[PDB]
Enquirer: 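Have a look at the structure that comes next, please.
In what follows, chains are A, B, ... by sequence order, proteins preceding strands, each numbered from 1. Computation of the quantities below employed the complete heavy-atom set of this structure, encompassing side-chain atoms and omitting hydrogens, waters and symmetry-equivalent molecules.
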Amino acid sequence: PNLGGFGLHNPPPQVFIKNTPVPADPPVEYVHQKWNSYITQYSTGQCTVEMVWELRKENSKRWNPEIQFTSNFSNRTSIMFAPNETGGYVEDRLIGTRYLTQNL
Amino acid sequence: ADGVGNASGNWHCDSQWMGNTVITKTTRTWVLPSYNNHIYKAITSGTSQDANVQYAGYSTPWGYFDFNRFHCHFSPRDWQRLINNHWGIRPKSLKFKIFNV
């Protein structure tokens, strides 16, 4: 994929969820019409996502140290990659995967 | 054990990381002279009158091996794998060889 990631012929299936319509009070005398009357509903709950990832171990004979991703943010008014004073979660830095090196 | 024309050992330098243990192997070429020309010498601080620098002892015809620094056993890259990923280290066992004399 041009945006990056894993191209999949069979991607994870889409998970669809709706609130089942709860109809409101029907008319005592039957009428033939489309039913537009509903009780206002919403739902909430918890969802767990569990993914298994396969890894390739770094195997290298390089003598000198390599590049590592580290915290070099220094002094801040809140922790980086944490909530701020008002509780907003702050990730201001994009992090790629390419740090270790390998020969062509 | 072995003749003139056979090597009595092979070169081994690697680091192996298995589980909670790392094994370092390293090989060097060493040179030994004949020290003191085969005698022991009583050595002192000489005529020095300063008590702080005074000493008495012996130099020997013998040499010795000192591997007691970490960079003997760890490449910088291995030292990096150690310090970034682990909370603790201690030595467990030691094997030493002299060969191809």
Enquirer: Once side chain to side chain contact (heavy atoms under 4.5 Å, CB included) is applied, do any residues pair with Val53(B), and if so which ones, sequence neighbours excluded?
Expert: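 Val53(B) satisfies side chain to side chain contact (heavy atoms under 4.5 Å, CB included) with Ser48(B), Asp50(B) once adjacent residues are dropped.
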Enquirer: Treat each ILVMFWY residue as a node, draw an edge where side-chain heavy atoms are under 4.5 Å apart, and state whether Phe73(A) and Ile67(A) are in one component.
Expert: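 Yes, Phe73(A) connects to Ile67(A) through the hydrophobic network.
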Enquirer: Would you give me the side-chain donor-acceptor pairs under 3.5 Å for residues 89-101 of chain B, sequence neighbours excluded?
Expert:
{"residue": "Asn100(B)", "atom": "OD1", "partner": "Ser8(B)", "partner atom": "N", "Å": "2.8"}
{"residue": "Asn100(B)", "atom": "OD1", "partner": "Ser8(B)", "partner atom": "OG", "Å": "3.4"}
{"residue": "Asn100(B)", "atom": "OD1", "partner": "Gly9(B)", "partner atom": "N", "Å": "3.4"}
{"residue": "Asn100(B)", "atom": "ND2", "partner": "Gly9(B)", "partner atom": "O", "Å": "3.4"}

Enquirer: If you look at every heavy atom in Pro27(A) and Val31(A), which pair is closest and at what distance?
Expert: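 Smallest heavy-atom distance, with atoms named: CG-CG2, 3.9 Å.
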Enquirer: Which donor-acceptor pairs lie under 3.5 Å between chain B and chain A?
Expert:
{"residue": "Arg77(B)", "atom": "N", "partner": "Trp63(A)", "partner atom": "O", "Å": "3.1"}
{"residue": "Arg77(B)", "atom": "NE", "partner": "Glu66(A)", "partner atom": "OE1", "Å": "3.4"}
{"residue": "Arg77(B)", "atom": "NH2", "partner": "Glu66(A)", "partner atom": "OE1", "Å": "3.2"}
{"residue": "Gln80(B)", "atom": "OE1", "partner": "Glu66(A)", "partner atom": "N", "Å": "2.9"}
{"residue": "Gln80(B)", "atom": "NE2", "partner": "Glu66(A)", "partner atom": "O", "Å": "2.9"}
{"residue": "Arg81(B)", "atom": "NH2", "partner": "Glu58(A)", "partner atom": "OE2", "Å": "2.8"}
{"residue": "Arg81(B)", "atom": "NH2", "partner": "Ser60(A)", "partner atom": "O", "Å": "3.1"}

Enquirer: Just how far is it from atom CZ of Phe69(A) to atom CD1 of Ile95(A), taken to the nearest 0.5 Å?
Expert: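 Taking CZ in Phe69(A) and CD1 in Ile95(A), the distance rounds to 3.5 Å.
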Enquirer: Name each donor-acceptor pair under 3.5 Å that joins a side chain in residues 57-65 of chain B to protein atoms two or more places apart or in another chain, with its distance.
Expert:
{"residue": "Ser59(B)", "atom": "OG", "partner": "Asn36(B)", "partner atom": "ND2", "Å": "2.9"}
{"residue": "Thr60(B)", "atom": "OG1", "partner": "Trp62(B)", "partner atom": "N", "Å": "3.3"}
{"residue": "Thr60(B)", "atom": "OG1", "partner": "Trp62(B)", "partner atom": "O", "Å": "3.4"}

